[PDB]
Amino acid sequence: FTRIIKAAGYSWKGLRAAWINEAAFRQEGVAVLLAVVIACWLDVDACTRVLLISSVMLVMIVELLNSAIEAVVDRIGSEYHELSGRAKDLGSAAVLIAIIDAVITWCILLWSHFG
């Protein structure tokens, strides 16, 4: 079972790292907990609760992966002395799409619920 505790350790190291270093990530965590609270407090069916939570967590996932990519790029540029933000742009685009997905999700779901 050791590999599991090692991996989870790496995961918490990463999460704490992202929380301390990235402001947008802190905002996204706030967004997740708020999402759960709102979804559970509102009298809402299971699929919709799930969707309201998942759509927001997806943002966190994509943000983390993006941050990983940014880190790789930064190591490169540190040793490379050449910079092109192609990758960073693409990642940020991905995160944007995730956010738009969450807003659409919440719009449709909450609009239906309060109809």
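Start at 1 with the first residue shown and count on from there.
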For this session: Would you tell me which stretch averages the higher CA B-factor in the PDB entry, 75-83 or 40-48?
Result: 75-83
Exercise. Within this chain, which third does the Cα B-factor at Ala24 fall in: lowest, middle or highest?
Worked result: highest
For this session: Looking at the entry's B-factor column for C-alpha atoms only, identify whether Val30 ranks in the lowest, middle or highest third of its chain.
Result: highest
Exercise. Which third of the chain does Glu70 land in by C-alpha B-factor: lowest, middle or highest?
Worked result: highest
